[PDB]
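Colleague:
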Amino acid sequence: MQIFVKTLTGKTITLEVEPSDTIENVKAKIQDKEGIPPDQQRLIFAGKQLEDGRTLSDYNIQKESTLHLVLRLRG
Amino acid sequence: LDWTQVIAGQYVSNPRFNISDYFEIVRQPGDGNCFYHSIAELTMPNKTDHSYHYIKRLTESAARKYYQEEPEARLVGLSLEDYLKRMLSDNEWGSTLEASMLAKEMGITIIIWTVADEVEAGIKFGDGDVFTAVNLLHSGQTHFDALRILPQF
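Order-wise, the sequence lines are chains A and B. 63 is the number that full-length UniProt numbering gives to position 63 of the first sequence; each next residue is one higher, with no gaps. Taking full-length UniProt numbering, I'd label the letters of the second sequence as residues 7 to 122, 125 to 161.
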C-alpha cells in the first residue's frame with residue numbers, strides 16, 4: 001500500500017509498505033530512497049514517536065497515512 | 007514562520023535562507039563540546055571556554071529528570087547511568103536530545119537550525137519563538153555554533 005513520509009526539509013516521499021512492516025523496515029526503506037542513516041531517523045505519527053520493533057498495523061496506520069521524519073542532530 | 011508541533015513541546019519548520027542574512031554566527035570550539043559551548047554562549051554571562059562545564063551539569067540534572075521519558079533517548083539505548091557516564095565525558099557530542107532536556111531544565115526555548125551553506129530546516133524545543141529562543145547552528149552534519157539575531161530584528 002502507500003504511505004507518505006514528510007522529511008525535516010518538508011520533502012514528501014511515498015513509500016510502498018505492508019501493515020505488517022516494522023518501523024525498522026520502514027526506516028531502511030527511507031534509507032534506500034533518500035539516503036538517510038536509520039539511526040538518525042525519528043518517525044512520528046499522531047503525536048507519538050514510533051518504536052522500531054513495532055508494525056504499522058500495531059500503530060493503526062492505514063493506507064495514504066503521512067508520517068513525519070525528524071532527524072537526531074549531533075555535533 | 008510556520009512551526010508544526012509533531013510531538014509535545016517539539017516543533018519542526020521548513021523555511022529556506024542563508025544564515026548570514028538573519029544571524030550573526032558566533033563560532034565555538036572544535037573540541038567537540040561545541041553543543042555545550044553554544045548553549046553557554048547564549049545563556050551565560052561572562053562566557054568563556056570553561057563555561058560549558060556548567061551546561062553539562064545542567065544536562066546531567068536534566069537527564070536525571072527527563073532522559074527515561076525523552077522520545078529521542080530511545081535511539082540512544084543506554085541506561086540512564088550509561089548515558090550520564092558518556093554525556094559527561096570530555097569531547098562527547100551534544101545533540102537534539104540534550105536540547106530537548108535542557109529546554110525543560112532551563113525553562114527556555116532552543117532552536118537548532120541545520121544547514122544542508126543554506127538552511128534546510130529547524131527543530132524547536134519549547135513553546136517560545138525565534139526572538140526569545142536560544143538559536144543554535146548545526147553545520148556540516150557534525151558541528152554546532154551559536155547564532156544571535158541580527159541587530160535590525
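Where a beta carbon is used, it is the ideal one built from N, C-alpha and C, also for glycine.
Does any residue of chain A bring its CB to less than 7 Å from the CB of B/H146?
Modeller: Closer than 7 Å: yes.
Colleague: Give, in chain order, every residue of the region 2-33 of chain A whose Cβ lies closer than 7 Å to some Cβ of chain B.
Modeller: If the cut-off is 7 Å between Cβ atoms, the region 2-33 of chain A has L8, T9, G10 near chain B.
Colleague: Cβ of A/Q49 less than 7 Å from any chain B Cβ?
Modeller: For A/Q49, the answer is yes, since a Cβ of chain B falls inside 7 Å of its Cβ.
Colleague: Could you round the C-beta distance between B/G134 and B/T115 to whole angstroms and report it? I think they count as a contact, below 8 Å.
Modeller: Sure, about 3 Å apart at Cβ, within 8 Å.
Colleague: What does the alpha-carbon distance come out to for the pair B/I25 and B/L145?
Modeller: Roughly 8 Å between the two C-alpha positions.
Colleague: Label A/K48 either buried or exposed according to how many other C-beta atoms from any shown protein chain fall within 10 Å of its C-beta, with 16 as the threshold for buried.
Modeller: So A/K48 ends up on the exposed side.
Colleague: Of all the CB atoms in chain A, is at least one closer than 7 Å to the CB of B/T150?
Modeller: Yes, B/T150 counts as interfacial toward chain A.
Colleague: Using a Cβ cut-off of 8 Å, pull out every chain B residue sitting near A/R54, in sequence order please.
Modeller: Within 8 Å Cβ-Cβ: nothing; A/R54 doesn't reach chain B, min ~12 Å.
Colleague: Please state whether the Cβ-Cβ distance between A/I44 and B/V12 is less than 7 Å.
Modeller: Going by C-beta atoms, A/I44 is nearer than 7 Å to B/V12.
Colleague: Using a Cβ-Cβ cut-off of less than 9 Å, give me the residues of the region 65-79 of chain B that come near chain A, in sequence order.
Modeller: Residues passing the 9 Å Cβ filter: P77, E78.
Colleague: Considering only the alpha carbon of each residue, which of B/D37, B/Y58, B/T10 lies closest to B/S44?
Modeller: For B/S44, the nearest C-alpha among the options comes from B/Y58.
Colleague: If I measure Cβ to Cβ from B/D37 and keep anything under 7 Å in the same chain, skipping five residues before and after, which residues do I get?
Modeller: Contacts found: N97.
Colleague: Does any residue of chain B bring its CB to less than 7 Å from the CB of A/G75?
Modeller: For A/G75, the answer is yes, since a Cβ of chain B falls inside 7 Å of its Cβ.
Colleague: Of all the options B/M112, B/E87, B/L7, B/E76, which has the alpha carbon lying nearest to the alpha carbon of B/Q16?
Modeller: Nearest option by C-alpha distance: B/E76.
Colleague: For a contact meaning CB atoms closer than 9 Å, what does B/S101 contact in chain A?
Modeller: Here the neighbours are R72, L73, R74, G75.
Colleague: Terminal residues of the continuous beta strand (DSSP E) containing B/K62?
Modeller: Unbroken run through B/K62 is the alpha helix (DSSP H), 58-72; no beta strand (DSSP E).
Colleague: How do the region 59-71 of chain A and the region 3-11 of chain A stand: do at least 3 beta-carbon pairs fall below 8 Å, yes or no?
Modeller: Yes: at least three Cβ pairs fall under 8 Å.
Colleague: B/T10 to B/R92, Cα distance in whole Å?
Modeller: For B/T10 and B/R92, the distance between alpha carbons rounds to 32 Å.
Colleague: Taking the C-alpha atoms as reference points, what is the distance between A/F4 and A/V26?
Modeller: Approximately 11 Å, taken between the alpha carbons.
Colleague: If you draw a straight line from the C-alpha of A/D39 to the C-alpha of B/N52, how long is it?
Modeller: Cα to Cα, the separation comes out at about 37 Å.
Colleague: In chain B, which residues lie less than 8 Å from A/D39 when you measure between Cβ atoms?
Modeller: Near A/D39 (Cβ distances below 8 Å), the residues of chain B are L81.
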